[PDB]
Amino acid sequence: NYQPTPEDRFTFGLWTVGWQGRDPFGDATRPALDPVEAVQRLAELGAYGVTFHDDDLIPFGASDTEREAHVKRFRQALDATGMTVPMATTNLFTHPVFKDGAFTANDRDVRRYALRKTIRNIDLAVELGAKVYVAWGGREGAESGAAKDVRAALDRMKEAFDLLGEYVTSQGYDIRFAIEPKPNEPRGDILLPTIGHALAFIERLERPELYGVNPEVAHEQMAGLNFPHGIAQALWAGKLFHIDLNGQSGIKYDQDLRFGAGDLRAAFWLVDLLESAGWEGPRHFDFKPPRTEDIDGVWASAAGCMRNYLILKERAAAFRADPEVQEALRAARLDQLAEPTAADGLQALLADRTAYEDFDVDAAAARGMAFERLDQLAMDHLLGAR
């Protein structure tokens, strides 16, 4: 069972299943993958659609004639299979010109170029019907201190995004932006390192309602952070416009393991949160089938992403629906957490003797939280041992 279907809204980037397997210490182990192939092979697995960077669909340096040809092939493949394109993004990290950044490159010409390159693909995104546009500034950062004044770099970043919002507004476009944070790699330190930082930045943009976050499992885990907590904060602020699902095993280089791999329990809690919140965005995977795999392994790995999600979905549902679990929830006063602290006004609080003078701290401290029993119920469910 656990067979995924387009109704599950699973999506993959063409750069994922399309990863040739090139790493810092080794060359490609797989041949390039024709976007049409990736479209057809994914639809067959039950995927809902695909996402792409501009350079994944249209080769860099392509002519206006060649560009039109590449999109036609991709279009015909999307129409025949019924696959959609919910999200689009720009590649502002691969080319040598972006070695010092894109929107925050010290050189002004590079920055202007970055914007124009992004704008052209935003138009293409709209045509393909993409409603979300991700921006991952992997080259926005530094390796040394004096090399980048962060404040000036942030001003440039705000200016870049404001211009981007102004553009979609003047064109009457129906597309929002999703900023994807990353603590490091490819840069020593990357600006807007976590979901928290991206969220904060968005608040100082001219039109904030147009920007959200595109958190990625591996990225936040590269800072040893709790992913579902991060995501919880993004939902709390209504800023979760898109998400990247994968696996990461600890603080180290981005491994982009298939969703489910890496921190299993963190993947379980994530699914729990997304389902319980009713999040409606596509479940997009940004992973890289290990370079040890051949083309058949790539498809196995991609199928694994969706499978693990559905498995966790089921287990998380059973956990929350379990009468004994719900009972354990009340025992850990999770219900009181959802109750306002002082809906009786600040004045009533200051006069409430039960809130200070008559509060029996010792009695309160002696009461166990009962989290461990609760957690083992979650473990039994995850492992199917109940």
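Numbering starts at 1 and runs along the sequence shown.
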- Item | Stretch with the higher entry mean CA B-factor, where the candidates are 72-80 and 241-249 | 72-80
- Message: Using only C-alpha atoms and the B-factors in the entry, which stretch averages higher, 156-164 or 218-226?
- Response: 156-164
- Highest Cα B-factor in the PDB entry belongs to which of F287, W136, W279, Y133? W279
- Query: Lowest, middle or highest third: where is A364 by C-alpha B factor in its chain?
  - Reply: highest
- Message: Using only modelled residues of the chain, where does the Cα B factor of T89 rank: lowest third, middle third or highest third?
- Response: middle
- Lowest, middle or highest third: where is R176 by C-alpha B factor in its chain? highest
- Task: Determine, from the deposited record, the chain-internal third of the Cα B-factor for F25: lowest, middle or highest.
- Result: highest
- Chain-wide C-alpha B factor ranking for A146, given as lowest, middle or highest third: lowest
